[PDB]
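Written below as structure tokens is the structure these notes are about.
What follows draws every value from the coordinates through simple rules; no lab data is involved. Note that each Cβ is placed from the backbone with ideal geometry, even for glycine, and that neighbours are counted across all protein chains shown.
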Amino acid sequence: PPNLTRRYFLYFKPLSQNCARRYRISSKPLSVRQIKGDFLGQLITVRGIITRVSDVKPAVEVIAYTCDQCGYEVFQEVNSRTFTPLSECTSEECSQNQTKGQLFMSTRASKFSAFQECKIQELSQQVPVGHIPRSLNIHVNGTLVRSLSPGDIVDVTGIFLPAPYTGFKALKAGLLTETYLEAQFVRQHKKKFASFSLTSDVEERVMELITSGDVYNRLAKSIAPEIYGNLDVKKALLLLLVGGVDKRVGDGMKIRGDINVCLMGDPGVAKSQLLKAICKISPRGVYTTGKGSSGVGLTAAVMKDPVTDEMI
Amino acid sequence: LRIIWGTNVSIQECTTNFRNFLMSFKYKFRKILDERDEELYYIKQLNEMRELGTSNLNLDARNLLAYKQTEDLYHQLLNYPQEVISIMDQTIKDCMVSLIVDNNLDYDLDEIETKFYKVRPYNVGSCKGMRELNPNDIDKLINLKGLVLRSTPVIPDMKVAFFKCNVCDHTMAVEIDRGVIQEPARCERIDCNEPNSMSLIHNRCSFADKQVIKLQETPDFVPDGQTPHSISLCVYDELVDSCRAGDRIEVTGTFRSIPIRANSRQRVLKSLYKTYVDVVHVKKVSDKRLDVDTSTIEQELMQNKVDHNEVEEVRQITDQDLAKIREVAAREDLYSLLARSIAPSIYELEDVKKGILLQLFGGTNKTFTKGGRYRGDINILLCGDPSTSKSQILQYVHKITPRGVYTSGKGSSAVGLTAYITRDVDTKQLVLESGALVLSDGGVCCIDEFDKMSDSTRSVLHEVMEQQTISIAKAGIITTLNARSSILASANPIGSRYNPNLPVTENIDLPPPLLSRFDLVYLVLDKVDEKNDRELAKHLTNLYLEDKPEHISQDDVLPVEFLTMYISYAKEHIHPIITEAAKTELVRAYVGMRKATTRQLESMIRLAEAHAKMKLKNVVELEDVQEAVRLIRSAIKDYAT
Amino acid sequence: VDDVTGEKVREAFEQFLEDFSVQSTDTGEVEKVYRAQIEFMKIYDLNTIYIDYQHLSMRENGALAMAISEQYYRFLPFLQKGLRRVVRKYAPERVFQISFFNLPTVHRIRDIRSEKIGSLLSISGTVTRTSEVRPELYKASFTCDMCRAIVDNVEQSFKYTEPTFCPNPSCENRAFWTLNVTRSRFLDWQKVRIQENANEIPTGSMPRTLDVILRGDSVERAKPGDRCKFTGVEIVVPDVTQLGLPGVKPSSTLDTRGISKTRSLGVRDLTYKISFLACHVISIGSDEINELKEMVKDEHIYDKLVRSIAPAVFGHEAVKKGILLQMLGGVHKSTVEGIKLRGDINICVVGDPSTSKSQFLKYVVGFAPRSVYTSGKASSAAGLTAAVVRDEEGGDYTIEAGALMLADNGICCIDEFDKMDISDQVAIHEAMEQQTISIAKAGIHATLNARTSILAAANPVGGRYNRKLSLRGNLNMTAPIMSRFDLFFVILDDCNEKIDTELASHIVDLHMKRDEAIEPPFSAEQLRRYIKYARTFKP
Ligand SMILES: Nc1ncnc2c1ncn2[C@@H]1O[C@H](COP(=O)(O)OP(=O)(O)O)[C@@H](O)[C@H]1O
Ligand SMILES: [Zn+2]
Ligand SMILES: [Zn+2]
Ligand SMILES: [Zn+2]
């Protein structure tokens, strides 16, 4: 088949509706809960949050089977999770042959492409009243596997698709389906620090920003204006975000350009608006309570992975 | 033209170019890489090795990068290493007997024609862990750096498929064909024709040796949100009993893929291929840190000897640097220059740093005929104000020491310190995991915040501070093991901001005996005054003044390398036996200092004998006792209260 | 190829056996007794001979042995045949065993690779288990599925499944068969689990282990929890545990080439473990009459025996005395009802750290015949006492060799007493109250017996023992466990400069490699035999 002559994957991305409204839609940011069944495989954009994705790993799309005797190749095709190999020689020269010399396979001629899974979880403000939200799975392949990391706003795009499960063989009525979705593109409203590069407009943004002046105290003014005053502490948070400067000893040590801050004080005065604005704006952000699951939930877990036997 | 299918690799041209590079390589990389006497870099290996009868050889990548005619060989051994090496194992015998032509020899030629040869490319182009290996670049020469968790037993594999016919007093034989066996069902038609009558025996057949190793990956860069992975691989025969728990490693190999079964029941398989690595060479040592005790590991040495595998166990030396060492030891500013050189980025902390270095010498490792052992390790404590380089010192030592683990606070337990038992995710069987205590068996065991630790975790170190032996009695496991690691750790004060006028043997939130049995402690009070503060200020600022502190090399500081190698030769070749003069100055020292127990006796001797090891004496002396008791009373600051 | 060779080996070997006879006249020229060996064997019909390697490898320069030791199994059937011939030749319902002892070399388990296959090779290790005698398929009949035609033969080692040939071959399918049980021969079996020894071990290490299997009358010479020196050949067996592992996996398949027109491929997967077998095993790990007759005649030899039992340690005579009577047991029989006693005695000591308590442990575990050092803390009682299997490897369960189950007629030296758990001291109490134990899990019940004599190690609450309070408020361990104790000791220090100086002298002299500072009246050697005399004197 022509699939092993392909030196190119494809990964779509849908429109942003800003252009669909130009000249006049189809796929809005949707829920884990608002599938409505009929949206299997239709074109879609889901938001939410990624809890846990496994590591990228390889998976066949096309076999390379060669003959010992005929010296010719065979192309065994799989799209399932599984297959059964091809051992006896059904070759084309062995067809016109008494003896049927055994064939075997390759480790390089045989096509490959990776396969990685990810779990969305639902956004809070769109859960209806009193309702415990629910989960979902996606499958990805190949190139875009590296554009996903847990803890972020996301707008996955693609298509929601089925697969073979029926429950577990007693609580059944037939035709039942476990399911998944296709990954083709990632946008996220949170731009991590390592995606930065200047251009002919964002440099203009920084320009017109710096042009006004008073830039330092202006920043520490714009930090969470919902709450009153104490510019000295808004400034200290700004500096916590900066972190500092990394320096290396070059003798087997470095030292952090990193900050650590505290705001002791009595109640009544505002305390928490700060932290919530912080984790609102800063990426790679985190809130915790004080007590509850502090035993290990601030710490490293141990878990087996669904899609592959491994101790992650 | 000669060429391989799907390949751009010639046999004989590779042989010729190999040979010409081989006849022509004379420290070229010193010239072309950089600015840095000798001649024919490689050829000496190949001249020397013959009389010693060894079928191995090591090899760089850079020397191909240096020589002219090897730049294309680089990308080809890279892509087709087992193929390029199936070539070179032949090109090597070819070059051998093309070089013997200029020589007349006693008849050693009964062997080399019967011989094989193999290579080991070790120092190669860097690779970024595991994540980089998207499937584009599977099955390629690769390099990595990390440490060990778990070792399996030996996989055998059919290597000669013996076959017993049922009749006609006839055996049969057949070998493996890309990793299978196709039993000949027939019965050797001529003598007897029974088209499926034959049997199989194992005790005849030839077996391979294969082993698998769990490894922890220790990169130099990671992305935003990273965490450890645990990878398996495969080594094969003549490499067995080399790499195990307690070792950091730089390594090489080949990344590959493989599927697995759905069951023990039929041939239905997985769309996704489990990955792995096959092994090409391992690097057990390096430059930026010293090596194992040469006494500890004797049985392993003589085993590798008997096995005729000689991949490294100890770094080797030069005589010109031996002389360099006997020169550098002649001067008398050792006892301070070592100190100034341990930590140029830091202020004085003289006795502190000196004690660090003396533990890095360790001391004495004696045994008795059957009923004694006394080990070179002295358990160390620190205490005093925060806001100093205590933690920095400790990170530094944990780096620079080869065999050691770091612990913090109350997040640790006896279970995760002595043996614990678990299950494999692949085999689903009951396999164990070694403990962080025993992993450092020989070297460093580092802790921080000793005070808040659980009394359950603090209960175990009663015995480790004496015998270097943990014991276990839990599920299916009964064995008292060895944990020769040393202890080196911080304590924090009682309360905060200190209490100058109080018995500091009570001012810690820590009881007496635990503290008294430490061989030595160091104290980090503040004593605020200029002439110690401004100097430190510039001392730490001029670090920041540069992008990295090379102009810290001023004020007489050594490099790490001559230092570490001097240390290693010291650690590995001298044995100071105790002397008579030191008795009368040690005894009175201990007794008069009692005015708090007998362990500081053992501390003084195990540290003064290290003072003797330093200066490269094969004897202790009275004087070592002097600085010993001196610096002890300086440590706890005898004069104040 | 050895169709020619092996019978020549047979001839050469039976020649070796016969040409040697009972010499050693006046303890002179050793000639080899194998003739009278099998004579004295046929006296009892045990059929189970020994061989020495030395007196074999003398003749023919041992080049005989050099290749035999690697290619044993190829010649082994022929080896036994010549014995049968010799027995036929010189002696007048026959199955046999053989063994070769006193090999020169040792290989640890790590010292065994894939070239010693079918090779005799001597290993030593340790035991943690035994298993169930189950008599084994030596010979066994079969019968035709269409007549009473019996076949009294067997495929024996593996391939235990199917003969072919029928006496009256006229059959539609002679390929398969029936069976029978009685026209058969059997022989015993036994399984252990073999284990590393401590004095040979690496770093970052577990005692790597593996299975060994017995045969024949030499069985009953196994034992749990003891070091042993085995000898046999590198038997191996299939496995599938080794699945999920990398790289490629061998697989067997019959040929379909050169013959055609005749899972249909009949494919078997093959992957194995390297177990071991044993031809013979031994328990590793006179003028003595005059020796002990001379020692006993003294009077202060009490004091000698006292002081000689921890020259490694300084003073504290009470420790010495108590430990010297601890091994000595009390007569548990002196009753009439059959309600009985915990005849032995028990110990503990207290003392602040910076003390030499653990020196005594390490001594006695470095001396004791039966003993163990353990945690005191890092242990479940499932480790002390025996947690057992639930019907694994098909066959029935087997009681695990308990750690605290051990110390039969001995000791379980245990340090770190204070940090014991709730349930472990509970179990200990149950162990001490009677001299018996009861166990259960998965419905199974147990009952065991022991007379354990503990010495162990106290650690006070803060370590500091307030001299003006009583024992209980400081000990922190409940009454019954604090009770049953014939003895308690205390070891606490103070300023005495004259004696402290000589103590430091002793300590620092100990950093003189193997000095003569420990010069005792005598050593462990005669002590152990003195104990084995004395344990059974009955006053
Ligand atoms: N200076 C302020 N201006 C406006 N609202 C405030 C101010 N101080 C406190 N509040 C209100 O009172 C609450 C204070 O809660 P906060 O101090 O953030 O958490 P906690 O009291 O638990 O530390 C907030 O909901 C906030 O809206
Ligand atoms: Zn074909
Ligand atoms: Zn035949
Ligand atoms: Zn029949």
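Before moving on, here are some points about what is shown:
- Applying 1/(1 + (r/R0)^6) with r as the Cβ-Cβ distance of B:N532 and B:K428 and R0 = 45 angstrom yields a FRET efficiency of 0.15.
- Quotient of the Cα radius of gyration of region B:92-155 and 2.2 N^0.38 Å, N being its number of residues: 1.88.
- Pairs from the table (A:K119/A:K190; B:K305/C:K249; C:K293/C:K320) lying more than 22 angstrom apart at Cα are B:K305/C:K249; C:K293/C:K320.
- Exceeding the 27 Å Cα-Cα cut-off - candidates A:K271/B:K452; C:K191/C:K441; A:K247/B:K353: A:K271/B:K452
- Rounded FRET efficiency, nearest 0.05, which uses the C-beta distance separating B:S387 from A:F196 and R0 of 30 Å: 0.30
- Residue (of C:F20, C:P250, C:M512) at the positive-pole extreme of chain C, dipole from beta-carbon charges: C:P250
- Annotation: the protein assembly as shown has a Kirkwood hydrodynamic radius of 38.8 angstrom, from the mean reciprocal C-alpha pair distance.
- The packing ranking, built from the mean of other Cβ atoms within 10 Å per residue, places the peptides C:435-447, B:441-453, A:200-212 in the order B:441-453, C:435-447, A:200-212, highest first.
- Inter-chain Cβ neighbour average for residues C:360-368, partner chain, 10 Å: 2
- Taking max minus min of the alpha-carbon positions on each principal axis, chain A gives extents of 92, 58, 55 Å, largest first.
- Partnerless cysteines, meaning none of the other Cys C-beta atoms lie under 4.7 Å away, in chain C: C:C166, C:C171, C:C228, C:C279, C:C348, C:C412, C:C413, C:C495
- Taking each of B:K613/C:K321; A:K192/A:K234; B:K474/C:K273; A:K13/A:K221; B:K28/B:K354; B:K284/B:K354 in turn, the alpha-carbon distance tops 31 angstrom for B:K613/C:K321; A:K13/A:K221; B:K28/B:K354.
- Across all Cα atoms of region C:1-105, the radius of gyration (one decimal) and Dmax (whole number) stand at 13.9, 45 Å.
- Shape analysis of region C:135-187 yields a ratio of the Cα radius of gyration to the Kirkwood radius, Rg/Rh, of 0.97.
- Label-zone membership for region C:416-448, site C:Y397, 7 angstrom Cα→C-beta point, backbone N under 12 Å: C:439-447
- For B:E506 and C:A318, a Förster radius of 30 Å and the Cβ-Cβ distance give a FRET efficiency of 0.40, rounded to the nearest 0.05.
- Order of B:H462, B:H75 under a 10 Å beta carbon neighbour criterion, fewest first: B:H75, B:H462
- Beta bridges per DSSP, both residues in chain B: antiparallel share near 65 percent.
- Descending principal axes extents, region B:426-551, alpha-carbon based, whole Å: 62, 44, 24
- Distance between the pseudo-spin-label points of B:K595 and B:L334 (7 Å out from Cα toward the beta carbon): 3.5 nm.
- With N the number of residues in region B:452-522, Rg(Cα) / (2.2 N^0.38 Å) evaluates to 1.42.
- Distribution of pairwise C-alpha distances over region A:174-312, 5 Å bins, in %: 2, 6, 9, 12, 15, 15, 13, 10, 8, 6, 2, 1, 1, 0
- Annotation: the antiparallel percentage among DSSP beta bridges lying fully within region C:286-539 is about 40.
- Within the straight-line cut-off of under 17 Å between alpha carbons, the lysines reachable from B:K583 are C:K498, C:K513, sequence neighbours fewer than 8 places apart in one chain being disregarded.
- Structural size metrics of region C:286-539, computed from C-alpha coordinates, are Rg and Dmax of 20.7, 69 Å.
- For chain B: rounded, prolate or oblate by the Cα gyration tensor [a/c cutoff 1.5]: prolate
- Residues of type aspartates and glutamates that C:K357 reaches as a straight line, Cα spacing below 14 Å, ignoring anything fewer than 8 places off in the same chain: B:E463, B:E466, C:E317, C:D415, C:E416, C:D493
- Antiparallel %, DSSP beta bridges [both residues in the protein assembly as shown], to 5: 70 percent
- Counting every pair of alpha carbons in chain C, the share spaced more than 30 Å apart comes to 67 percent.
- In plain terms, the bigger the Kirkwood radius, the slower the diffusion; for region C:296-442, with that radius from Cα pairs, at 10 °C and 1.306 mPa s, Stokes-Einstein puts D at 89 µm²/s.
- Inter-chain shielding of B:541-553 (mean C-beta neighbours from other protein chains, 10 Å cut-off): 2
- Each helix, a run of at least 4 DSSP H residues, gives -39500 (n - 2.57); summed and divided by the residues of the protein assembly as shown, these come to -7500 deg cm²/dmol at 222 nm.
- Backbone N within region B:188-229 under 13 Å of label point (7 Å from A:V286 Cα along the Cβ vector): B:225-227
- Within straight-line reach of A:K169, meaning a Cα separation under 16 Å, sit the following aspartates and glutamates at least 8 residues removed in sequence or on another chain: A:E178.
- One equal scatterer on each Cα of region B:111-267, no solvent, Debye formula: the resulting log10 I(q)/I(0) at q = 0.12 Å⁻¹ is -0.77.
- Peptide-level mean, for B:477-489, of C-beta atoms on other protein chains within 10 Å: 4
- Sorting B:5-11, A:293-299 by their mean Cβ neighbour count within 10 Å, with the most densely packed peptide first, gives B:5-11, A:293-299.
- Calculated diffusion of region C:497-539, Stokes-Einstein form, Kirkwood radius summed over Cα pairs, 20 °C and 1.002 mPa s, µm²/s: 161 µm²/s
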